[PDB]
2 protein chains.
Amino acid sequence: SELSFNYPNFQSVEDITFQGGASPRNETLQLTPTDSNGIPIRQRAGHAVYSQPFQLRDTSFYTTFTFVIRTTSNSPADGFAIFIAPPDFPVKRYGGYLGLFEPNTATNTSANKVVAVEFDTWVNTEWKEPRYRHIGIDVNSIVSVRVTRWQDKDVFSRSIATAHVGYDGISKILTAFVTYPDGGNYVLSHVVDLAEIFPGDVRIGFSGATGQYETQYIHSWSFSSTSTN
Amino acid sequence: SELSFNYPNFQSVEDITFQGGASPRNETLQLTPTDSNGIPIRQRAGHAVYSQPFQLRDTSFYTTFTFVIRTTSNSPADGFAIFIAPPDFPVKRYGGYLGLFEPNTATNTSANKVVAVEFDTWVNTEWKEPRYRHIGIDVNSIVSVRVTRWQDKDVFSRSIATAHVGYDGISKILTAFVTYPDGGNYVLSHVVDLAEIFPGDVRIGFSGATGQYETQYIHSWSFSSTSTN
Ligand SMILES: CC(=O)N[C@H]1[C@H](O[C@H]2[C@@H](O)[C@@H](CO)O[C@H](O[C@@H]3[C@H](O)[C@@H](O)[C@H](O[C@H]4[C@H](O)[C@@H](O)[C@H](O)O[C@@H]4CO)O[C@@H]3CO)[C@@H]2O)O[C@H](CO)[C@H](O)[C@@H]1O
Ligand SMILES: [Ca+2]
Ligand SMILES: [Ca+2]
Ligand SMILES: [Ca+2]
Ligand SMILES: [Ca+2]
Ligand SMILES: [Cl-]
């Protein structure tokens, strides 16, 4: 279906729903909470989602957002993701589950219905992940189907980074491009038929989780979807 | 292999090779020529190519550029493309061939070694094309493998538009995202193993062709490639 929205900043959150530990703060989407002294709270997850459902049958989309990862140590955890799931998909487990999964089924593709592009700041040994911080595409599992190294210089840059995420509904390909000013560029694509995974309605949004010593902020977001008829 | 470059404008055109009717003009890459009164010269092609070659085995890349199409009538022709080609790739036929193909082999994928993302302003009947202006991915043929409608409002906007083109060398997927300020967004992706097409050196660049009543300009361009090892 056709949907378009544009948030150059979040002084308005008119159509944004906050769940769990996420909240609007300082003109951004703050995905995990901080205490009254600004210290990141451990073991929390949050979602900030566009409130209106849409359909993926015969649809392509383009979305872009800007983000900042704020770290208070060299050992931040756990990251965030942009995700698509049914409209009643709730905030799930904190820590390395990224608010998207729970421990008993995190790696079980038959037990989840969620697709995401993750920005993963903490190497988990509890399941298979690369031995470095990484950006990945997740399809129904915390173990990414496509993963690439995310350079530490970029992770810790303090920069407003840009993501571009697109889905070509003809070729059935999901792509992310991630760029840092005067920094790295990242490209990841994967063939996945989203309409087959999601035959009904979906919502798109963000999920963040701690972890420790980290807060994730969304500064701007726009989206457009169009029919492939 | 690993290569990076950045032209925030083309005040300097150091490391750009011009062929055909392309030239530096007014701090941009002008892909097709104009006479001294500014009138587009019909039936001309031009290339502006980054001079340093790279290899595609075990490689991903990201490139972005801004562009303007100056039309001087309601029936401009023919467009332009960003393309990759092997060494010594010459300027080929003007008109609907876009500087990238010759007539008798333009539709034969066994007779070309060229991959492009084209911005096609003139509907040709000499080969199969959609019946509207379009953006396409071309693999070894002027008949695009993936094509989408390019809205006239964007074609004729005189806006500085943006293209992002990425290649994921693990999944073997080429993707283009094209955006217009306050206009359309476009997404196309295609599975293609570029290292199997191009086993040695390649260069990346732009090819434009007339046609009539059109000039194509590149305003800015950056590129990075990284090993997937
Ligand atoms: C292939 C190509 O690059 N086409 C470009 C086109 O080029 C034509 C133009 O140079 C004319 C000058 O008017 O000469 C040639 O075309 C001839 C006739 O002028 C043209 O009318 C004719 O058109 C036929 C068409 O090709 C068929 O597909 C159709 O079924 O029937 C038509 C009528 O006969 O073709 C002859 C040559 O065979 C050049 O081919 O120029 C335009 C802009 O005007 C644009 O650049 C095209 O990409
Ligand atoms: Ca991960
Ligand atoms: Ca992790
Ligand atoms: Ca075409
Ligand atoms: Ca054409
Ligand atoms: Cl000339």
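All ligand and atom numbering here is 1-based and tracks the order in the structure. Just so it is clear: chains get the letters A, B, ... in the order the sequence lines come, proteins before strands, and each one is counted from 1. Side-chain atoms are counted along with the backbone in the values below, which use heavy atoms only and exclude waters and symmetry mates.
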For ligand 1, indicate whether the residue [X] contacts it via side chain, backbone, both or neither (heavy-atom separation under 4.0 Å).
X	value
B:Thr210	neither
B:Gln212	side chain
B:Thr125	both

Atoms in ligand 1 flagged as close to [X], the criterion being non-hydrogen separation under 4.0 Å:
X	answer
B:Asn124	2 (C), 4 (N), 47 (C), 48 (O)
B:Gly96	2 (C), 3 (O), 48 (O)
B:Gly211	46 (O)

Close side-chain approach of B:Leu194 to B:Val192, heavy-atom, < 4.5 Å:
yes
Between B:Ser75 and B:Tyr213, is any pair of side-chain heavy atoms under 4.5 Å apart?
no
With a cut-off of 3.0 Å, does [X] put an N/O/S atom close enough to the Ca ion (ligand 3)?
X	value
A:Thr121	no
A:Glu118	no
A:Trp122	yes
A:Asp78	no

Any N or O of [X] closer than 3.5 Å to N or O of ligand 1:
X	result
B:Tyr97	no
B:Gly95	no
B:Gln43	yes

Least distance between heavy atoms, [X] atom then [Y] atom:
X	Y	answer
B:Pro86	B:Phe198	CD-CE2, 3.9 Å
A:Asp154	A:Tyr180	O-CE2, 3.2 Å
B:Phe156	B:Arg133	CE1-NH1, 3.6 Å
B:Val139	B:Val115	CG1-CG2, 4.2 Å
A:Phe101	A:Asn140	CE2-C, 3.8 Å
A:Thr175	A:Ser189	OG1-OG, 2.8 Å

Would you check if there is a donor-acceptor pair between the side chains of A:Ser220 and A:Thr66 at a distance under 3.5 Å?
yes
Can you report which non-hydrogen protein atom sits closest to [atom], along with the distance?
atom	value
atom 46 (O) of ligand 1	B:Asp78 OD2, 2.6 Å
atom 7 (O) of ligand 1	B:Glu126 OE2, 4.8 Å
atom 41 (O) of ligand 1	B:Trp122 CZ2, 4.8 Å

Mark yes when over 12 heavy atoms from residues, nucleotides or ligands other than B:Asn104 sit less than 6.0 Å from its CG; otherwise mark no.
no
Donor-acceptor under 3.5 Å (A:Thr215 side chain, A:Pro40 main chain):
no
Look only at the side chain of A:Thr228 and the backbone of A:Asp58, and say whether a donor-acceptor pair between them is shorter than 3.5 Å.
yes
Considering all protein heavy atoms, does one lie under 4.0 Å from [atom]?
atom	value
atom 35 (O) of ligand 1	no
atom 18 (C) of ligand 1	no
atom 1 (C) of ligand 1	yes
atom 13 (O) of ligand 1	no
atom 43 (C) of ligand 1	yes
atom 27 (C) of ligand 1	yes
atom 4 (N) of ligand 1	yes
atom 10 (O) of ligand 1	yes

Between B:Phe223 and B:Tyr50, is the gap from one ring center to the other below 6.0 Å?
no
The Ca ion (ligand 5) - name of the N/O/S atom of B:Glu129 that sits closest to it
OE1
Hey, what do you get for CZ (A:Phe18) to CZ (A:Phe206), rounding to the nearest 0.5 Å?
10.5 Å
Report the angle formed at the Ca ion (ligand 3) by atom OD2 of A:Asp120 and atom OD1 of A:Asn124, rounding to the nearest 10°.
150°
Residues A:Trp221, A:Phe67; criterion ring-ring contact (aromatic ring centres under 6.0 Å, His included); working and verdict
CA-CA 9 Å; A:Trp221 186 26; A:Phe67 68 92; over 10 Å; no
